[PDB]
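Chains as they are written, first to last, in this note's numbering: chain A, 12 to 85; chain B, 388 to 762; chain C, 388 to 762; chain D, 13 to 172; chain E, 163 to 280. Here a beta-carbon is modelled for each residue, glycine too, at the ideal position from N, C-alpha and C. For reference, the structure discussed in these notes is given below.
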Amino acid sequence: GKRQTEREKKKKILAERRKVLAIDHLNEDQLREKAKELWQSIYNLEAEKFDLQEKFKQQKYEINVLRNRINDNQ
Amino acid sequence: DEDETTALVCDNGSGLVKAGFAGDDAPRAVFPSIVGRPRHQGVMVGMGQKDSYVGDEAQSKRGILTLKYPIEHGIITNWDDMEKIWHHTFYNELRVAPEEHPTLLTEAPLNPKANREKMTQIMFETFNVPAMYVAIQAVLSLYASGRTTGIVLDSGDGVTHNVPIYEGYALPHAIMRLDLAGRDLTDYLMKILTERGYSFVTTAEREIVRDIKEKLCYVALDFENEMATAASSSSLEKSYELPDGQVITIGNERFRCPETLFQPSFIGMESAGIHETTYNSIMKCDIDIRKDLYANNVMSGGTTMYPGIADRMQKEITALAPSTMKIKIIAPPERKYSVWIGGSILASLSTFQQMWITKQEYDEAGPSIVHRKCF
Amino acid sequence: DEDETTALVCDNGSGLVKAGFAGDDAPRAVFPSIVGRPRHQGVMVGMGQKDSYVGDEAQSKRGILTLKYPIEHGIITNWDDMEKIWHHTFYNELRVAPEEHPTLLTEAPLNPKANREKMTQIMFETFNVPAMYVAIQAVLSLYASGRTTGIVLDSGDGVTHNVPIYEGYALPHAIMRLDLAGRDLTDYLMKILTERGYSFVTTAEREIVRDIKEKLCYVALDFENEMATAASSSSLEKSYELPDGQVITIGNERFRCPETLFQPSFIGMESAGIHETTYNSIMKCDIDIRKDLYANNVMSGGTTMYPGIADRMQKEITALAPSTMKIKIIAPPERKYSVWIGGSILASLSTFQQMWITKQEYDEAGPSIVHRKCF
Amino acid sequence: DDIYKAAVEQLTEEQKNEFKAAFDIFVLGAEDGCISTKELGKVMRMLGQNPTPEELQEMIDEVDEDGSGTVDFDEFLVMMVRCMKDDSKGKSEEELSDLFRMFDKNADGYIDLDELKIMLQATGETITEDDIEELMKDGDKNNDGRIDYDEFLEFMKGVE
Amino acid sequence: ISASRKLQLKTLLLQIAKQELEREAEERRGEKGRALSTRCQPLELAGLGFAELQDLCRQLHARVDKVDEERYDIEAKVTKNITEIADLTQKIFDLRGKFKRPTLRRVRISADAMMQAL
Ligand SMILES: Nc1ncnc2c1ncn2[C@@H]1O[C@H](COP(=O)(O)OP(=O)(O)O)[C@@H](O)[C@H]1O
Ligand SMILES: Nc1ncnc2c1ncn2[C@@H]1O[C@H](COP(=O)(O)OP(=O)(O)O)[C@@H](O)[C@H]1O
Ligand SMILES: [Mg+2]
Ligand SMILES: [Mg+2]
Numbered sequence: 012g013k014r015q016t017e018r019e020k021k022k023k024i025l026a027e028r029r030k031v032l033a034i035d036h037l038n039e040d041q042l043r044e045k046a047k048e049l050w051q052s053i054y055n056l057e058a059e060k061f062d063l064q065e066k067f068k069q070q071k072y073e074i075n076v077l078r079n080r081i082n083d084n085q
Numbered sequence: 388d389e390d391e392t393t394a395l396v397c398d399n400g401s402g403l404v405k406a407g408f409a410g411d412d413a414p415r416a417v418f419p420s421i422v423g424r425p426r427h428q429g430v431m432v433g434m435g436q437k438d439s440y441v442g443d444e445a446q447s448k449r450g451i452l453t454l455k456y457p458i459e460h461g462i463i464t465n466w467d468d469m470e471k472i473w474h475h476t477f478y479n480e481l482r483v484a485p486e487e488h489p490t491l492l493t494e495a496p497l498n499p500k501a502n503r504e505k506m507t508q509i510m511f512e513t514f515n516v517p518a519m520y521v522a523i524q525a526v527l528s529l530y531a532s533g534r535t536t537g538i539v540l541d542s543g544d545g546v547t548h549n550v551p552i553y554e555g556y557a558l559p560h561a562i563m564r565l566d567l568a569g570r571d572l573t574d575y576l577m578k579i580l581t582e583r584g585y586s587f588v589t590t591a592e593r594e595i596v597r598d599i600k601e602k603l604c605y606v607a608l609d610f611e612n613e614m615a616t617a618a619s620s621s622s623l624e625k626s627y628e629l630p631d632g633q634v635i636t637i638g639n640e641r642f643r644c645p646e647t648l649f650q651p652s653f654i655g656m657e658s659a660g661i662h663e664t665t666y667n668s669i670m671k672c673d674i675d676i677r678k679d680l681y682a683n684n685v686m687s688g689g690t691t692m693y694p695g696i697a698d699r700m701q702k703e704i705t706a707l708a709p710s711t712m713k714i715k716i717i718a719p720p721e722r723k724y725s726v727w728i729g730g731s732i733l734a735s736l737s738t739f740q741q742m743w744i745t746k747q748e749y750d751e752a753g754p755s756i757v758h759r760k761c762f
Numbered sequence: 388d389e390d391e392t393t394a395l396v397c398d399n400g401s402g403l404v405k406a407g408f409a410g411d412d413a414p415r416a417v418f419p420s421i422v423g424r425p426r427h428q429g430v431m432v433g434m435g436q437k438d439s440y441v442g443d444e445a446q447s448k449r450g451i452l453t454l455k456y457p458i459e460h461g462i463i464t465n466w467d468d469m470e471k472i473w474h475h476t477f478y479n480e481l482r483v484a485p486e487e488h489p490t491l492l493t494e495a496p497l498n499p500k501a502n503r504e505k506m507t508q509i510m511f512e513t514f515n516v517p518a519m520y521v522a523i524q525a526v527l528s529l530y531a532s533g534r535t536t537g538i539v540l541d542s543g544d545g546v547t548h549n550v551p552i553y554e555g556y557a558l559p560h561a562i563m564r565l566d567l568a569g570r571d572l573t574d575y576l577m578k579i580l581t582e583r584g585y586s587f588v589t590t591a592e593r594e595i596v597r598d599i600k601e602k603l604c605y606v607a608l609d610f611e612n613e614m615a616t617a618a619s620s621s622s623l624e625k626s627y628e629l630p631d632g633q634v635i636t637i638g639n640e641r642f643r644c645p646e647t648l649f650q651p652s653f654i655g656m657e658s659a660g661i662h663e664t665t666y667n668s669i670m671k672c673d674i675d676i677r678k679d680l681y682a683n684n685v686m687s688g689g690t691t692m693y694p695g696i697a698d699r700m701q702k703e704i705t706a707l708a709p710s711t712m713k714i715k716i717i718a719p720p721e722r723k724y725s726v727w728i729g730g731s732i733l734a735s736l737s738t739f740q741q742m743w744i745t746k747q748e749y750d751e752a753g754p755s756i757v758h759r760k761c762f
Numbered sequence: 013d014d015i016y017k018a019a020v021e022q023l024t025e026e027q028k029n030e031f032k033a034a035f036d037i038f039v040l041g042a043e044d045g046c047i048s049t050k051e052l053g054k055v056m057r058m059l060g061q062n063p064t065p066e067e068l069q070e071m072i073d074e075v076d077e078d079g080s081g082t083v084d085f086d087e088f089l090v091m092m093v094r095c096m097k098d099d100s101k102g103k104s105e106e107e108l109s110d111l112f113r114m115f116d117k118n119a120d121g122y123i124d125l126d127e128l129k130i131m132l133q134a135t136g137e138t139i140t141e142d143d144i145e146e147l148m149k150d151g152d153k154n155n156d157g158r159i160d161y162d163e164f165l166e167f168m169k170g171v172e
Numbered sequence: 163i164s165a166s167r168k169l170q171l172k173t174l175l176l177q178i179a180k181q182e183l184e185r186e187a188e189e190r191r192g193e194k195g196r197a198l199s200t201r202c203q204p205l206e207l208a209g210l211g212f213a214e215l216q217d218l219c220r221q222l223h224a225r226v227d228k229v230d231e232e233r234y235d236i237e238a239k240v241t242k243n244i245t246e247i248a249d250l251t252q253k254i255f256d257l258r259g260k261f262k263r264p265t266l267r268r269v270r271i272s273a274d275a276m277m278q279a280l
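Dropping the structure here:
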């Protein structure tokens, strides 16, 4: 139950998000432009990965906020 | 949460759940395994109106809730109950996310293999723990004692287990489970108190009488002689102040309640006292090491906070076994946390991460992988 | 009428009707539940000659009218009387049309279900209220106190109800109704005043003697000792100035009238005093919370304006119950309006319009829908 | 004094302009220009509020400290700022939670006293005793040792 | 009047708070930039062999796949966090209500009326 749903939902999401290249036929110039584009894409992904990490930390902080609001409530 | 990715250590003992972080000396979130549910339906508004109540919340709301046990003597009723209580423990009590910390769990001795396969599967699907390890509480108590030789008497709230381990090797052929535990103690005390004039059925009084067992109960040195002298016993008779304020006086019952484990014929068990179960366990294995088993017996569990188990234990074993070698019991104070301590000990060493049960192994071989990964 | 479509809040308490708008602090139109009718027939002309007289009009015209009670101890005599008095309240006293404002009503505890079905049906047919909600006055007084734990003593003019509610949950199994109320008080005082030389039967003197109860009556700390010292008691004996001008002097009767509720054997009730009724109510429920009930008792009703209920209450409960925990009563001044205040509180929050009893639900399922819509 | 400029800062321009141009409903001609204290209650009815004898008499006590029987414009502004509590047209809360993040510099979930002391001295004013003491009385209620987001919001209500 | 002092203390406090907000935001941006420089170093394609550039494209495909996977894991963690935020926040609203709900509404306003009209 839900064993395949989770795994293949995740794989489906990563399939629509990522783009597949028919690398074998790619021409020399094409390897040039595309490896530049792929490196830039990885650059941006790491950029807002770091943003996600930071904002993960702050959302942890607001969890801290709300859980303390709860414990004081007794 | 600690900056380091240290593991979670959780003892789901049969009667108490004690959870915390690896490298800690004592579990942080410790609560009894009772679960309360709304005794009636919803018509009011503005507050409450929540189904599951766990932990101290249910302890405060005992009167309004039907108090149910998601586990009894190892048997599992509803996995949803464990799901909710683990959610509560991890987020409301431990304030930790299981995504970034592998979990070391302890299970009741000789728990069902099907139970292990289902609980592990629901766990892995529902939760996102990175890695897993589950161990028997017997070796955990052994680790807490830190001596590879001895017979462990694990007295939980659903089962009492006798397990011999010599030089850090399990002896399943000489391991037994007895259906006497806290539940029986409360029941027997309930019927005796009924014969004393006080007849209650609900769980609040169950907790009151187990508290009485924690505070006032004796383990009789000699049974019938102590009731004979307890006929009047103004000094020996002891009283308790119930939270409502009434003074309830109990005499011989103090040492007539735990005696039932030693004398099961009171309420009809074919099996004799637990000392006989340790005795048979000892002789089942080779003769020679039996003396060491006599001298290295360990007892573990929350019940062990009561007095009288040690003296009774040694005297009866010496009566049954030859009295040449000296028998002595060892029991560190606050040993109900000891299992969890041993869990921390497991995470202490750097070899423990060689056999973490990772997500991908379970994804490859299903739950069946544990059949080859733990044992 | 306010520009906003805010709801109507009406407490039809057993003895007083208090009506007004939601969001208001106190009810605007408050009148006793007496109804006057022409004692004789019509021959004169030029003025008057009107059948129903309600409110202060009947209070001024008490002498000329047969004074009748459309409700007594919850029992309903004639729905036409309620029709007329509600017409008067809505249009002549509240100056409001019920077409544009839903109504929140409060009913006497444990009122007949058939009574609810008939009153709701006649209401919906006769009137054009958009939406409906009716609630027990017990939870309303609870809301006025703003504490989910306690036992409510509702002392109306027809019935006295004891209702325990723990953590905002009704306990019908421990709820009781006692047929002692203002009517009994007036009756008993009537017979004692008859033994004092003044014998009246009509309702004007009933109101005079209830006014005397409002002004001069005591609650005896010790009963027979206070009549023993009230033998002469020139200072302790107290007088009243009746509107005709005669000075009527009363001594021990001041504290011998409310005592009858505490000592029903004076005029022959099997049930003991109302403190016994609160005591039994408390023990019927689980033992543990009983202490909280002792410490959280609330009293409500117009009678509560009298002195002496608090001291008598606590002393007798402490006599009956163990005196370890301290018992204290809470009673805000002018608590007879408190129920209506709670009605306003109900309209304060935005979830209340989720369960308004609309016209179309009643048109679909008849009156029977309330059986599923309120409870 | 500092209360006059604090009342200036804590109230928006449109509100105070309407307040003054509407106080000019009592003056008609050949008058001192400052109306009697009791007439102040009447302008409040114009404001849309319905105050009560207790607050009215108290508020009356909140004007004319030196005992002239009359109200000036600066006392007028301070009392108005002290009347409706809906300052800043509803103080925000989200960015404020960001500012809650700001009070904490160790990422724990709350505000330490040392973090408050450094925060206060970063303004330019040193530490005095009545400062932190009164700030603690304003912020806390039960000696919990910290300022959480509820006490955070409560303490600075209306402040911009 | 101490209220003046306290109010201007908290005003200056919150203004310096806004300054610290700006500064911490700048520090976050700088740390993001340096982590960008250290996680994704400059390009390597200058003078490379076409076949190796095929292999490089496949390697960057695997790289983008796994870093998308890591992003998915982190954002899922955040989503669980936010759900707990919402539930706990509702509990907060109710719990605060317990201490302050019966205490803010009209106070003798209607009591003020024409007691002589009757
Ligand atoms: N402080 C204490 N003193 C005495 N008895 C206790 C105490 N705490 C728990 N117990 C008893 O221990 C029982 C729970 O046993 P537990 O420690 O959960 O077994 P296990 O070691 O298998 O987890 C309870 O039924 C309770 O009666
Ligand atoms: N101001 C007062 N002082 C003393 N007693 C009063 C006062 N007003 C009403 N009562 C008494 O209260 C009784 C009506 O009770 P009521 O408040 O209608 O009960 P309920 O709370 O069930 O509506 C009347 O019989 C009257 O004797
Ligand atoms: Mg045990
Ligand atoms: Mg009443």
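(1) Skipping 5 residues on each side, what residues in its chain have a beta carbon closer than 8 Å to that of C/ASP411?
(2) So, are the CB atoms of C/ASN549 and C/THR664 less than 7 Å apart?
(3) Hey, is D/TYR161's beta-carbon within less than 7 Å of any beta-carbon in chain A?
(4) Starting from the C-beta of B/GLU494, find all residues in its chain whose C-beta is less than 6 Å away, skip the five residues before and the five after it, and write them out in chain order.
(5) Which of the three DSSP states is assigned to C/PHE408 in this structure?
(6) Based on the DSSP secondary-structure assignment, which residues constitute the bridge partners of B/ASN399?
(7) How about B/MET700: is its C-beta nearer than 7 Å to some C-beta of chain E?
(8) Note down, in chain order, each residue of its chain lying with its Cβ closer than 7 Å to the Cβ of D/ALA134, except the 5 sequence neighbours on either side.
(9) With C-beta atoms as the reference, is B/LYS471 less than 7 Å away from B/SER439?
(10) For D/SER104, is the beta carbon positioned less than 6 Å from some heavy atom of ligand 4?
(11) Closer than 9 Å, Cβ to Cβ, to anything on chain B: give me those residues from the segment 712 to 726 of chain C, in chain order.
(12) I need the DSSP call for C/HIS758, collapsed to helix, strand or coil.
(13) Taking just the CA atoms, how far does C/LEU492 sit from C/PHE511?
(14) Please list the terminal residues of the continuous alpha helix (DSSP H) segment that includes E/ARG191.
(15) Can you tell me whether C/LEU576 sits near ligand 2, meaning its C-beta is under 6 Å from at least one heavy atom of the ligand?
(16) Using a 10 Å radius around the Cβ and a threshold of 16 neighbouring Cβ atoms, would you call B/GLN524 buried or exposed?
(17) Looking only at its chain, what residues have a beta carbon closer than 6 Å to the beta carbon of C/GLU748, apart from the 5 residues adjacent to it on each side?
(18) I'd like to know if C/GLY533 contacts chain B, where contact means its C-beta is closer than 7 Å to some C-beta of that chain.
(19) Need the endpoints of the beta strand (DSSP E) that B/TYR520 sits in, please.
(20) Any C-beta of chain E sitting closer than 7 Å to the C-beta of D/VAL171?
(21) Where A/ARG18 and A/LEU25 are concerned, what is the direct C-alpha to C-alpha distance, given to the nearest angstrom?
(22) Give a single yes or no on whether B/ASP544 has its beta carbon closer than 6 Å to a heavy atom of ligand 1.
(23) Does the distance between the C-beta of E/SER164 and the nearest non-hydrogen atom of ligand 1 fall short of 6 Å?
(24) Could you tell me if the beta carbon of B/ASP679 falls within a distance shorter than 6 Å of some heavy atom in ligand 3?
With the given structure in hand:
(1) For the purposes of this step, residue 411 of chain C is taken as residue 24 along the third sequence, with counting starting at 1. The beta carbon of C/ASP411 sits closer than 8 Å to the beta carbons of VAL396, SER731 from its chain, once the five residues preceding and following it are set aside; these are given in chain order.
(2) Your numbering for residue 549 of chain C matches position 162 in the third sequence. Your numbering for residue 664 of chain C matches position 277 in the third sequence. Yes, they are a contact pair.
(3) Taking the first residue of the fourth sequence as position 1, residue 161 of chain D is located at position 149. Yes, because at least one Cβ of chain A sits closer than 7 Å to the Cβ of D/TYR161.
(4) The residue labelled residue 494 of chain B in the question sits at position 107 within the second sequence. Excluding residues within five positions, the ones whose Cβ falls inside 6 Å are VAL521.
(5) Numbered from its first residue, the third sequence carries residue 408 of chain C at position 21. Three-state DSSP puts C/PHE408 in a strand.
(6) Locating residue 399 of chain B in the second sequence gives position 12, counting from the first residue. Bridge partners of B/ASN399: B/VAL404.
(7) Within the second sequence, numbered from 1, the residue matching residue 700 of chain B stands at position 313. Chain E has no Cβ within less than 7 Å of the Cβ of B/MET700.
(8) Against the fourth sequence, residue 134 of chain D aligns to sequence position 122. Here the set comprises nothing.
(9) Translated into the one-based positions of the second sequence, residue 471 of chain B becomes position 84. Translated into the one-based positions of the second sequence, residue 439 of chain B becomes position 52. Their beta carbons are under 7 Å apart, which means B/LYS471 touches B/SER439 by this criterion.
(10) Taking the fourth sequence and counting its residues from 1, one reaches residue 104 of chain D at position 92. It does not: the Cβ of D/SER104 is nowhere closer than 6 Å to a heavy atom of ligand 4.
(11) From the segment 712 to 726 of chain C, only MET712 have a Cβ closer than 9 Å to chain B.
(12) Taking the first residue of the third sequence as position 1, residue 758 of chain C is located at position 371. Under the three-state reduction of DSSP, C/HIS758 is assigned to helix.
(13) Start at 1 with the first residue of the third sequence, and residue 511 of chain C comes out as number 124. Start at 1 with the first residue of the third sequence, and residue 492 of chain C comes out as number 105. Distance between the alpha carbons of C/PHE511 and C/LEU492: 14 Å.
(14) Indexing the fifth sequence from 1 puts residue 191 of chain E at position 29. Note, E/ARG191: alpha helix (DSSP H), 164 to 201.
(15) Mapped onto the third sequence, residue 576 of chain C falls at position 189. The answer is no for C/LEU576.
(16) Walking along the second sequence from the start, residue 524 of chain B turns up at place 137. With 16 or more other Cβ atoms within 10 Å, it is buried.
(17) Here the question's residue 748 of chain C lines up with position 361 in the third sequence. Excluding the 5 residues flanking it on each side, C/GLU748 has same chain C-beta neighbours closer than 6 Å at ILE756, in chain order.
(18) Residue numbering aside, residue 533 of chain C sits at position 146 when the third sequence is read from its first letter. C/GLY533 does not count as touching chain B.
(19) Position 133 of the second sequence, counted from the start, is the residue given in the question as residue 520 of chain B. Bounds of the beta strand (DSSP E) holding B/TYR520 are 518 to 523.
(20) By one-based count along the fourth sequence, residue 171 of chain D stands at place 159. The beta carbon of D/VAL171 sits closer than 7 Å to some beta carbon of chain E.
(21) Numbered from 1 along the first sequence, position 7 holds the residue referred to as residue 18 of chain A. Numbered from 1 along the first sequence, position 14 holds the residue referred to as residue 25 of chain A. A/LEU25 has its alpha-carbon roughly 11 Å from the corresponding atom of A/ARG18.
(22) Locating residue 544 of chain B in the second sequence gives position 157, counting from the first residue. Inclusion of B/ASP544 in the 6 Å shell around ligand 1 follows from its C-beta lying nearer than that to a non-hydrogen atom of the ligand.
(23) The residue labelled residue 164 of chain E in the question sits at position 2 within the fifth sequence. Distances taken from the Cβ of E/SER164 to the heavy atoms of ligand 1 include none shorter than 6 Å.
(24) One-based indexing of the second sequence puts residue 679 of chain B at position 292. No, ligand 3 has no heavy atom inside 6 Å of this Cβ.
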